[PDB]
Amino acid sequence: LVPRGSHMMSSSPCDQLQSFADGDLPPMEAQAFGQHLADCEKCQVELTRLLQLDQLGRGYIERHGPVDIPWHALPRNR
Ligand SMILES: [Zn+2]
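Residues in the sequence shown are numbered from -7 upward in steps of one, following the entry's author numbering.
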């Protein structure tokens, strides 16, 4: 149940990674395009294009990258 507004267009998961690297993609869609984010030269070319201007910036680094998820999330839905 939603109003009518700007009609979106068709797009491919090789291009959707653009929103992923910019930091503007939701966690549900991040798994859905993730299957195509597998080993693909056309994907890596689109990703590295963004790193060429977003990774460019000495002083910004990381040294602790832990991977942990909350238990209350993923509710009993179908
Ligand atoms: Zn691809």
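Note that CB positions come from ideal geometry on N, CA and C, so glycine has one too.
- The C-beta distance from residue 8 to residue 42 rounds to 13 Å, too long to meet the 8 Å contact threshold.
- With a cutoff of 7 Å, residue 28 counts as near ligand 1, since its C-beta is closer than that to a heavy atom of the ligand.
- Judged by beta-carbon spacing, residue 24 lies beyond the 8 Å limit of residue 12, meaning their Cβ atoms are not closer than that value.
- Here residue 39 has 9, 13 as same chain residues with Cβ atoms under 6 Å from its own Cβ, once five neighbours each way along the sequence are excluded.
- The three-state reading of DSSP puts residue 59 in coil, since its state is none of H, G, I, E or B.
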